[PDB]
Structures are given as structure tokens and as C-alpha cells.
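Form deposited in one PDB entry, single chain, as C-alpha cells, below.
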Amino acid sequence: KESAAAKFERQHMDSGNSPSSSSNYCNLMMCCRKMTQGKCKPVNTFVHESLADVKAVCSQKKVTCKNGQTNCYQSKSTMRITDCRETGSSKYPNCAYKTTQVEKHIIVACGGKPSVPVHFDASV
């Protein structure tokens, strides 16, 4: 059971960060979206275009998947995305990320019916 002291630190303490930072985004979002539990997910991309635009990639250019499956698609246009990479200093449970704002084409794996993105493969 979480201690009251620890609960206060969780709910109320942010000693180590600036609320006006633009580069703390990955640290917060990787935490928010549950990719820092058990271990730090080493690499993750967030896409800032509309969900409709991202879903539409599944109808765009067929390309090779990094894993050799044949269900990957590349966006016809570059998209606004954020690249999150673990830092050299990052050590679970203190997961630290470098945030990079990028405009690149995304490659996603699509699946399901309707065919929708199910995995983020690469940005190129």
C-alpha cells in the first residue's frame, strides 16, 4: 500500500522539472500513456496529426516492414510527430527521454477490419 508520504510526493511534488519546459514532453507522455511501468520503453513516437489522417496511411504507400511482415504503409506526406528516446542517464524507475519535434513520413503496420494502424514501425 502506497504510503501517505509517497502519495503526497506523487500527487503534489515536481521538484525536478520546469512546468514551462518544452523538452519534458516525452517524460510526461511516456508516463501518462503507460510505457514506463516495469521498464522504460526505449523508443516511442507520438503523432500529432488527426486520427483520421493517421488512419488514412493504411490506404497509402505499401512499404517493407522492419520485421519483414507485409502490412506496412508509409504516409504520402510528412507528419508532425515527436520522437521519444531514452537518454544515457535513464535508469528505471526514473525513465528519462530526449524529446525531438520532427516532421517525417510515418510507417505504420495496419490490421483489423477496417484496416487501421496497429503498430508504429518507423519514421523516415
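Between two forms, the rigid core is defined as the largest C-alpha subset superposing within 1.5 Å. For every residue, the number given is its place in the sequence shown, counted from 1. Residues that one form lacks are left out of the comparison.
Same protein, other form: the form deposited in another entry, not shown, and the subject of what follows.
- After superposing the rigid core, the Cα of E9 is displaced by 2 Å or more between the shown form and the other one.
- Remark: with the core as the superposition reference, the CA shift of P19 between the shown form and the other one reaches 2 Å or more.
- Panel note: the distance between the CA atoms of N94 and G16 is larger in the other form than in this form, the difference being 3 Å or more.
- In contrast to the form presented, in the other form the C-alpha positions of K41 and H12 spread farther apart by 3 Å or more.
- After superposition on the rigid core, the sole stretch of at least three consecutive residues with Cα shifts of 2 Å or more between the shown form and the other one is 1-21.
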